[PDB]
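Asker: 3D model of this:
(chains A, B, C, D, E, F, G and H, ligands or ions: 8)
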Amino acid sequence: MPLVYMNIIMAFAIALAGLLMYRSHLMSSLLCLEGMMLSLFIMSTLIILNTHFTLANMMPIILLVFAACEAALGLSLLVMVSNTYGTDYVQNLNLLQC
Amino acid sequence: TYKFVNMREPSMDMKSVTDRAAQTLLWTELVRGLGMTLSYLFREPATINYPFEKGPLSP
Amino acid sequence: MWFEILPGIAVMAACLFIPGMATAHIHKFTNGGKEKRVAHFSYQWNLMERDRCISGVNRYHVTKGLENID
Amino acid sequence: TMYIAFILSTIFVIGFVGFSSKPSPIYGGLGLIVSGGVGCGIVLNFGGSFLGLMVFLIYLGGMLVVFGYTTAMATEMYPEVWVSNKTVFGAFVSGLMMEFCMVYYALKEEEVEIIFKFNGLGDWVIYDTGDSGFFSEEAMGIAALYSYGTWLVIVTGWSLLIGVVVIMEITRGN
Amino acid sequence: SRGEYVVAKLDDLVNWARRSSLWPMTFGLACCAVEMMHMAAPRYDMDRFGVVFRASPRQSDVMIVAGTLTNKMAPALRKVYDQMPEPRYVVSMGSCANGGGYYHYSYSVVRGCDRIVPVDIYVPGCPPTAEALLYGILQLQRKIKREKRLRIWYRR
Amino acid sequence: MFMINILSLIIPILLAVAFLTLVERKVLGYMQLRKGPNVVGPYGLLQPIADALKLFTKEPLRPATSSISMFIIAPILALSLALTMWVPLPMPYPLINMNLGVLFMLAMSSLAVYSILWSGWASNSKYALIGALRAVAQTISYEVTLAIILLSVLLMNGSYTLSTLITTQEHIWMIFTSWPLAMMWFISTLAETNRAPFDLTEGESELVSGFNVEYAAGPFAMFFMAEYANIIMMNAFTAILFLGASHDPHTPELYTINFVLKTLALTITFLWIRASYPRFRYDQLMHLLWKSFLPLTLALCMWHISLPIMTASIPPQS
Amino acid sequence: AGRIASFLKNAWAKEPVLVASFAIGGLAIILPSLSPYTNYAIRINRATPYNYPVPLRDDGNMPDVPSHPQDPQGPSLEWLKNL
Amino acid sequence: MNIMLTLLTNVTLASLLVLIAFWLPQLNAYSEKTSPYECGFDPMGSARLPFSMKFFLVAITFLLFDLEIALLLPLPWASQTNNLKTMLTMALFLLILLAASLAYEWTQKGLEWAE
Ligand SMILES: COC1=C(OC)C(=O)C(C/C=C(\C)CC/C=C(/C)CC/C=C(\C)CC/C=C(\C)CC/C=C(\C)CC/C=C(\C)CC/C=C(\C)CC/C=C(\C)CC/C=C(\C)CCC=C(C)C)=C(C)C1=O
Ligand SMILES: CCCCCCCCCCCCCCCCCC(=O)OC[C@H](COP(=O)([O-])OCC[N+](C)(C)C)OC(=O)CCCCCCCCCCCCCCCCC
Ligand SMILES: CCCCCCCCCCCCCCCCC[C@@H](O)O[C@H](CO[C@H](O)CCCCCCCCCCCCCCC)COP(=O)(O)OCC[N+](C)(C)C
Ligand SMILES: CCCCCCCCCCCCCCCCC[C@@H](O)O[C@H](CO[C@H](O)CCCCCCCCCCCCCCC)COP(=O)(O)OCC[N+](C)(C)C
Ligand SMILES: CCCCCCCC/C=C/CCCCCCCC(=O)OC[C@H](COP(=O)(O)OCCN)OC(=O)CCCCCCC/C=C/CCCCCCCC
Ligand SMILES: CCCCCCCC/C=C\CCCCCCCC(=O)O[C@H](COC(=O)CCCCCCC/C=C/CCCCCCCC)COP(=O)(O)OCCN
Ligand SMILES: CCCCCCCCCCCCCCCCCC(=O)OC[C@H](COP(=O)(O)OCCN)OC(=O)CCCCCCCCCCCCCCCCC
Ligand code: SF4
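Answerer: Numbers count the residues shown, from 1 in each chain, chains lettered A, B, ... in the order given. Ligands and ions are numbered 1, 2, ... in the order given. This is the structure:
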């Protein structure tokens, strides 16, 4: 494996660590979630272009489509939470307990 | 006496409906405004050459 | 009058002439008086590289022919 | 070599470090736009012009909505930047140091991570000698989404329509 | 001297730009503002001379104080004047701006905008005609033409 | 020689921008029964030079509440992208010949959106924020409609190369072929370039100068230059895409003259529209595209997908 | 038919944009299945030689495969020449 | 390489313009000059307070439609295939589903701004 794949995988790991470590805002977590799919897109297209898997070139587009479907879902949930509580803080999502 | 500034209703015959639909799809009144401004472009400007020319005054 | 606008439009047109004519002249100058080769595909690029190799001067636009084969 | 792909990969990682340290959604979106553009550059070097331009365009459109939402839902009196907060600066510096350590180790020797084995050599080395002719393989493979891949089109269209229905239903309230 | 010649030419060039590009702020207070509109009108087109209204104070060089300045309004006038970046000039137009005008002995009128801001040109009249205001603008341009900032600095 | 070509592409564009400022002043004046600038130079030819010198010798200030980093970056990004959009345009030979030359321009325009957003947010003022949000809405609407319209028109072409656009328009004009899409594209370019009736981000009547309310001296001049460069570039793109000019490979100057004349005609049409119409409301602009253009745009996209197949007129791939 | 005529009259007087949109979309869906040139477009796409025509090893029992490109055997684009 | 050089030239020219603008003229800054602008009066609140977004749903629909246009963009190359009928059916299917999304949102009043 070249160092390029190493950098892309490291970027994905950084974005994954960003999502799992909340600070205050739910929006920042959504941005971290969008970055993970960007890294996945880049990695998949790098792999496909290098092996000349011609029919697999349509896969990154489907990846993007469901990426932005998830982004839409997250934005809708964020607006509902903001309407309820006044802020997008993750601290307010504490009514339910384990 | 008095007059109504805006109390007219449009006719619903097919020719008038088609004319209104053509005005909607083809921006007829917008082109009309463009033509008016073009006419003013080709008219003569109304600017005096101050200070070499002065506006009229009275005693 | 309305023709006092023309010098400004004339200057703007003169400014807009410069980029295209300059690009055409530079393309012809750097390609031996001919059009810059368009290589949109690997086949065209391979043709350009072959032209560079066969020219003997490391320039694809130096074209060789029958006098060069024999 | 010129190491263009490696440099762009490093900039990609740095942008990820930024928006993962998470200063505030404005600067997170800025970093994500930078990362998207640099990734477009990376895949352009690797060959995919359409894919690079598409990912860049999609993320430019997406980050526009995020700006409007963080102006409305996710804003505070003093938005945090990387140097504004101790936690954000600590995370940013940690990510930068980890990336620089990996880069230095890979350049100095064939770095084998605890997960995968990486060889420090040419991205130009790994490329292929063969060539196509008078068509773009990537463009043809993407255009095969309609002739081939009728199933993928169906599931994708159904997902998009259901996504519209869902986002309308979630925000209904009442 | 060579340096004196260079600075004279340079500050003639700089003064020409400021004279020939004047951007008054969109700021009118009372009946004197209608004559500003008539100066903007086709008859005495101010756009000929490079005089163009800008709404934002950050993008204006001249403040034409045209109308009565009241006690309730003086802070706003000073605020926008301060927000105008330098070099900036003031043209007080009409009697109300110049002195008190018809409202000099009033509890609610500032007797002159020169109590609030440093005024460069005073245009008399109630209201001054559009030609009078245009003459004031030209006099301001001729006043700018005499400024020698680089010539002062070289001898400084 | 490539640096020389870059300079020949950059400097004349800036000169044309300054004289477009002058031309717009004079055209609006003569349509409003005035004369416009005619005092500074011969027929007012030195007015843009005076304006530029005044702006760049005036003092620029950073507001106390502003974010200085994004306050500075935004004009830089705006002007950089405005100059960059010109590099793939064939006149008749592009500076940079791209296989996908249209998607590059779409992506760079979508990036040019963010300059006004970041300048408005960085200024930290309410008028700037309102202008930025108006920009967000406007870009939403015009972006979707522009994407689909360009897709259909290039579908009549065969590829995404502007030289192939010239080859396609060798015989007739895309305006004759597809005039409805041409009308909708012209409206969409008005919205994209923020020209009247869609000048909502910098709407002086409602907001005091809009998003660049806090910008002064040089940084303001850069926003003005970027906007006018975008105007000229969009008009040139429209002229290439719909008003095709005959190309002679041995004497390319004729194509340059025709292209310049058509670009000037479209720019003058922009100024004419600004002088002729009132300003939209931004909710009415959003409802205009989604509820009027988007249905017709989708129907015309279906029509232009089907038409080459049913008439056996599919363009060559290369 | 009167109900349909009244509905179309009302739609053409209130939403001509939508009337035109639906008409164009319907024409786009229906017309290609009736045009006789769809097969011609398919054949033109087939006739384009993107890749190399690899020759066949002759077994002595291939009368329909030309020995030379100019031989009468093989596909003919005479229909495309006069089109 | 050429595109990188062009981008570097454009960015360098813009940065030089900013540098000249911020260093050539005489500077005189004080508290009143650099205060925020609110038509001459001090702002009551802050510009960083939340600014309600009355078109929040249209933005999400814009995200989804941006995906749709991304799917539609490779159509010029897909029209060179031999399966013209399948290509046409799939393209029309995608466009009809996009139109159906728009019609559903329009009738369910998703394009009406919040009051
Ligand atoms: C307060 O109540 C009121 C009043 O009061 C009482 C009034 O009166 C009025 C009446 C007013 C009105 C009716 C209108 C006023 C309102 C407005 C909003 C103004 C309306 C005006 C217009 C619509 C048109 C006027 C024009 C405007 C506003 C545009 C402004 C112009 C600029 C910003 C120009 C600045 C930009 C420039 C100059 C471009 C930058 C320069 C360049 C690019 C040039 C650089 C070139 C180079 C670097 C190249 C150099 C190298 C070369 C040449 C070669 C070198 C080569 C080498 C090899 C070395 C009203 C309504 C009112 O309500
Ligand atoms: C960061 C960018 C680097 C690359 C720059 C590339 C070229 C840039 C081209 C654009 C220039 C823009 C300005 C144009 C000129 C007008 C403004 C002007 O004159 O500004 C000059 C500025 C002017 O200072 P000022 O802050 O008073 O500016 C006011 C200027 N007027 C009056 C005209 C409004 O000069 C300086 O700041 C320095 C003057 C001498 C003092 C030197 C101090 C030491 C540090 C620098 C010298 C080198 C030290 C080496 C050793 C270090 C270790 C000990
Ligand atoms: C935009 C890109 C940057 C350009 C950088 C500068 C490039 C050169 C700029 C061009 C300079 C133009 C100077 C114009 C001369 C003024 C014209 C003339 O009319 O002015 C006369 C003389 O003007 C002044 O005396 C001096 C003007 C400038 C003289 C030359 C200055 C130095 C120019 C050469 C140096 C430029 C390069 C060095 C800097 C880079 C006085 O007339 P005026 O009263 O007003 O007109 C009133 C109107 N009336 C008549 C109808 C009533
Ligand atoms: C009807 C069954 C109902 C119960 C099951 C419902 C499951 C969901 C609905 C699924 C319906 C489609 C299933 C069949 C997919 C066919 C895929 C493929 O095999 O057929 C294509 C044929 O496609 C046809 O043209 C029609 C495709 C379907 C048309 C639209 C149907 C939409 C129905 C689904 C609506 C969305 C709901 C999905 C979620 C419920 C390929 O033809 P071909 O030419 O050889 O392709 C060339 C390939 N080459 C190059 C290798 C030769
Ligand atoms: C390339 C150069 C093109 C130059 C074109 C310049 C035109 C003139 C420029 C001045 C106009 C610019 C300012 C005007 C901006 C706003 C214009 C505008 O409003 O247009 C939208 C207008 C107004 O809508 P409303 O009145 O609000 O009604 C809504 C009811 N709910 O509605 C529109 O959508 C019109 C857009 C044009 C539609 C195209 C005409 C469609 C005709 C279809 C027939 C062809 C079918 C093709 C199939 C052929 C079958 C054989
Ligand atoms: C299936 C084939 C078509 C494929 C798709 C067609 C292309 C894309 C068009 C669809 C986009 C979305 C359509 C949305 C339709 C419903 C929207 C709606 O609610 O409209 C209402 C209802 O108004 C109507 O009248 C419904 C539209 C009726 C149009 C359908 C007519 C059918 C056309 C038959 C073709 C006849 C041929 C005549 C040719 C004439 C010349 C072209 C009015 O809108 P308002 O909410 O009042 O506006 C806001 C006011 N505050
Ligand atoms: C052929 C070879 C080349 C020949 C020509 C060479 C020079 C070309 C121009 C280079 C740029 C200008 C160089 C510096 C000029 C002198 C500026 C100066 O020192 O001004 C100092 C002075 C400040 O005032 P002071 O006396 O200090 O008072 C303190 C405040 N109470 O006064 C001021 O600060 C006055 C305010 C303005 C100062 C800046 C403007 C000076 C002239 C610039 C002209 C060119 C502008 C170009 C703009 C960018 C391009 C559009
Ligand atoms: S000086 Fe006269 S005209 Fe002017 S504001 Fe006062 S009363 Fe009105």
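Asker: close to ligand 5, is the helix or strand harbouring residue G:3?
Answerer: Using DSSP states H and E, residue G:3 maps to helix G:2-14. No: counting by C-beta under 6 Å from any ligand atom, no contacts exist between helix G:2-14 and ligand 5, the nearest distance being 7.6 Å. C-betas here are computed from N, CA, C, even on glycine.
Asker: name the helices or strands packed onto that helix?
Answerer: helix B:14-25, helix G:16-30 (3 or more C-beta pairs under 8 Å, 6 or more residues apart in numbering or on different chains; DSSP states H and E).
Asker: okay, the ones you listed in TSV with mean neighbour count next?
Answerer: Shown next, in TSV, are the helices and strands packed on helix G:2-14 (neighbours: other C-beta atoms under 10 Å in any protein chain shown):
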stretch	mean neighbour count
helix B:14-25	14
helix G:16-30	17
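Asker: quick revisit: how far off helix G:16-30 does the helix holding residue G:3 point, in degrees?
Answerer: Using axes from the mean of the first three to the mean of the last three C-alpha atoms, to 10 degrees, the inter-axis angle of helix G:2-14 relative to helix G:16-30 is 120 degrees.
Asker: quick one on the thing from earlier: so which of the helices and strands packed on helix G:2-14 gets nearest ligand 4?
Answerer: With C-beta to the nearest ligand atom, the closest approach to ligand 4 among the helices and strands packed on helix G:2-14 belongs to helix G:16-30: 12.5 Å.
Asker: in which helix or strand would I find residue 39?
Answerer: Answering for chain A, as no chain was given. Counting by DSSP H and E, the element that carries residue A:39 is helix A:26-51.
Asker: not what I meant, chain G
Answerer: Assigned by DSSP H and E, residue G:39 falls within helix G:38-47.
Asker: re earlier: so which elements touch the helix or strand following the helix holding residue A:39?
Answerer: Downstream of helix A:26-51, the first helix or strand assigned by DSSP H and E is helix A:59-85. Applying 3+ C-beta pairs under 8 Å, 6+ apart, one finds that helix A:59-85 contacts helix A:26-51, helix D:49-72, helix D:150-170, helix H:56-72.
Asker: can we see that at 10 Å?
Answerer: Helix A:59-85 is packed against helix A:26-51, helix D:49-72, helix D:137-147, helix D:150-170, helix H:56-72, with contacts defined by 3 or more C-beta pairs under 10 Å, 6 or more residues apart in numbering or on different chains; DSSP states H and E.
Asker: now tabulate these in a markdown table and tack on distance to ligand 1 and mean neighbour count.
Answerer: A markdown table is the format used below for the helices and strands packed on helix A:59-85 (distance: least, C-beta to the nearest ligand atom, whole Å; neighbours: other C-beta atoms under 10 Å in any protein chain shown):
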| stretch | distance to ligand 1 | mean neighbour count |
| --- | --- | --- |
| helix A:26-51 | 37 | 22 |
| helix D:49-72 | 27 | 25 |
| helix D:137-147 | 39 | 23 |
| helix D:150-170 | 40 | 17 |
| helix H:56-72 | 30 | 23 |
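Asker: could you dump these into JSON lines with distance to residue C:66 added?
Answerer: Formatted as JSON lines, the helices and strands packed on helix A:59-85 follow (distance: least, C-beta to C-beta, whole Å):
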{"stretch": "helix A:26-51", "distance to residue C:66": "42"}
{"stretch": "helix D:49-72", "distance to residue C:66": "39"}
{"stretch": "helix D:137-147", "distance to residue C:66": "36"}
{"stretch": "helix D:150-170", "distance to residue C:66": "54"}
{"stretch": "helix H:56-72", "distance to residue C:66": "51"}
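Asker: to residue C:5, which of those lies closest?
Answerer: Closest to residue C:5 of the helices and strands packed on helix A:59-85, according to C-beta to C-beta: helix D:49-72, at 38.2 Å.
Asker: what's the closest non-adjacent residue to residue D:124?
Answerer: Distances taken as C-beta to C-beta, 6 or more residues apart in numbering or on different chains put residue D:1 closest to residue D:124, at 5.6 Å, once the chain neighbours are dropped.
Asker: number of residues surrounding the one you found?
Answerer: Each residue near residue D:1 was counted by other C-beta atoms under 10 Å in any protein chain shown, and the total is 10.
Asker: dump the C-alpha coordinates for stretch H:90-108 into PDB.
Answerer: Output of stretch H:90-108 as PDB, limited to C-alpha atoms (Å, rounded to 0.1, in the frame of the first residue of the first chain):
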ATOM      1  CA  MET H  90     -33.800   4.900 -16.500                       C
ATOM      2  CA  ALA H  91     -33.200   8.600 -17.300                       C
ATOM      3  CA  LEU H  92     -37.000   9.200 -17.600                       C
ATOM      4  CA  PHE H  93     -37.500   7.200 -14.400                       C
ATOM      5  CA  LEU H  94     -35.100   9.400 -12.400                       C
ATOM      6  CA  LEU H  95     -36.700  12.600 -13.800                       C
ATOM      7  CA  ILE H  96     -40.200  11.400 -13.100                       C
ATOM      8  CA  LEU H  97     -39.200  10.600  -9.500                       C
ATOM      9  CA  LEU H  98     -37.600  14.000  -9.100                       C
ATOM     10  CA  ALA H  99     -40.900  15.600 -10.500                       C
ATOM     11  CA  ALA H 100     -42.900  13.400  -8.000                       C
ATOM     12  CA  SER H 101     -40.800  14.700  -5.100                       C
ATOM     13  CA  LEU H 102     -41.400  18.200  -6.200                       C
ATOM     14  CA  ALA H 103     -45.100  17.600  -6.600                       C
ATOM     15  CA  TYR H 104     -45.400  16.000  -3.200                       C
ATOM     16  CA  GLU H 105     -43.600  18.800  -1.400                       C
ATOM     17  CA  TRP H 106     -45.600  21.400  -3.300                       C
ATOM     18  CA  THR H 107     -49.000  19.900  -2.500                       C
ATOM     19  CA  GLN H 108     -48.000  19.200   1.200                       C
END
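Asker: which residues of chain G lie near chain B?
Answerer: With the criterion set to C-beta under 10 Å from any C-beta of the partner chain, chain G comes near chain B through G:9, G:10, G:12, G:13, G:14, G:15, G:16, G:17, G:19, G:20.
Asker: next up, the contacts around the closest residue to ligand 8 within chain C.
Answerer: Proximity to ligand 8, evaluated over chain C using C-beta to the nearest ligand atom, is greatest for residue C:4 at 34.5 Å. By C-beta atoms under 10 Å, 6 or more residues apart in numbering or on different chains, the contact list for residue C:4 reads B:45, F:26, F:29, F:30, F:35, F:36, F:37, F:38, F:43, F:44.
Asker: make it 7 Å
Answerer: Neighbour list for residue C:4: F:26, F:38, F:43 [criterion: C-beta atoms under 7 Å, 6 or more residues apart in numbering or on different chains].
Asker: shouldn't the last one be in contact with residue C:5?
Answerer: No: contact status for residue F:43 versus residue C:5: not in contact, 8.4 Å apart, counting by C-beta atoms under 7 Å.
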